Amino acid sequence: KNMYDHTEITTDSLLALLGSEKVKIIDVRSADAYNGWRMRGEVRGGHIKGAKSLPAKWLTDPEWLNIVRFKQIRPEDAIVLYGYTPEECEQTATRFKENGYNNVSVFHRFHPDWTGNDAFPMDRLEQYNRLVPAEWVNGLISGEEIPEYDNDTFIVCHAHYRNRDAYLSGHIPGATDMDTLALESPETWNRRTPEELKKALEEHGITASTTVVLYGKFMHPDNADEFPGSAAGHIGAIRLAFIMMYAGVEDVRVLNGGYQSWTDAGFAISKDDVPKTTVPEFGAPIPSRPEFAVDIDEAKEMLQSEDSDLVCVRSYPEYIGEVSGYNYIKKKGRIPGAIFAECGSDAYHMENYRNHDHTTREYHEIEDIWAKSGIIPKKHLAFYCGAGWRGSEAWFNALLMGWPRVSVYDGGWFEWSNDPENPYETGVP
């Protein structure tokens, strides 16, 4: 065993192992490349079919070994690493060997050999171009040619909940801030009326034909604060992406991992308070995509329909009625008949849908876990949570997979429990 010299596996050998249950093929490129972005100009992007994502970026994470174990990558597995180059794999190969993995090989010919021949199977996140890497945003704001972009009008929007300091403390150059209160009402925590959305989008400089790039800043939400949501900026960004896509912005992108991805890439930060450039007319009837939103009467119908389900994206203490999740909800319990899809640790964290760096979790893992609960694309799914934020992030993950009938039930537990006639469950199921 040599911690620093790694066996090469040939293309022929790896081809013969694609179906092996005992082989784990590990893509150490960025998660955005794994999803399908052609980050080196390859003609076919994505990953080797069956490969898992383990970005070499994560080697500096003190919890690296726990990430690997949670991915079910075990020492008895044969580990095959690849990246754009075998040199990109060397540190990861050594890290596996230092932690008791004795069967570790490096595949040298993923690019250009594997990517370049159409008989070598690859996979990709179907709608990966909605989930953009920092390098794409940098090219956009620099006026440079970038893939998956044919527009001439864009805006980069920094989302926050009543927390302008989230933006003023550091933001992507030229970006403007959007408080989530611009597009959702504090009375209902639902999306605002069409007339309000039209005015708010126009005042923020957004037309239906503007490419809107949304991101937020994660600032370590604390349940002891009056407004922990003010620190969950990137959930808020995906919430606004949902409302904008519902409203009719044709081209909405989300920066994968939010602000952390921008600074991790080494790009310059701005603290300017950028004034808005208003536009006079949104340019499309609102809402253009009403099917993206489900309200309570439709949600009740979906609970009675075989081809439909509500998907509860809340924490386990919320689900069993231990806590409400919120300092503004007193009632505790759950909507009867929903399928549980645990979000993470509480209302302000999405650990089960994210990596430690806040990029979206490897989509195969989300897909496979969902399938175990019957959360599958042949259904009409309405994702929901307390009041729509976490549900929007789950919804966006399904949208990225190309699922054809996914919605957010906007009202969530807030609306449901606000009517004392609605039934609810509590306790361990």
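Just count from 1 along the sequence shown to find any residue number.
Set 69-77 against 342-350 and average the Cα temperature factors; 69-77 ends up higher. Of the two segments, 294-302 and 233-241, the one listed with the higher mean B-factor is 294-302 (C-alpha atoms only). Reading the B-factor column for the CA atoms of 152, 357, 309, 179 in the entry, the top value corresponds to 152. Out of 119, 212, 166, 197, it is 119 whose C-alpha atom has the highest B-factor in the PDB entry. Among the modelled residues of its chain, residue 268 has a C-alpha B-factor that falls in the highest third according to the deposited record.
Among all modelled residues in this chain, the alpha-carbon of residue 62 has a temperature factor (C-alpha) in the highest third.
Residue 331 sits in the highest third of its chain by CA B factor, as recorded in the PDB entry.
Per the PDB record, residue ranking by Cα B-factor puts residue 40 in the highest third of the chain. When all modelled residues of the chain are sorted by CA temperature factor, residue 322 is found within the highest third.
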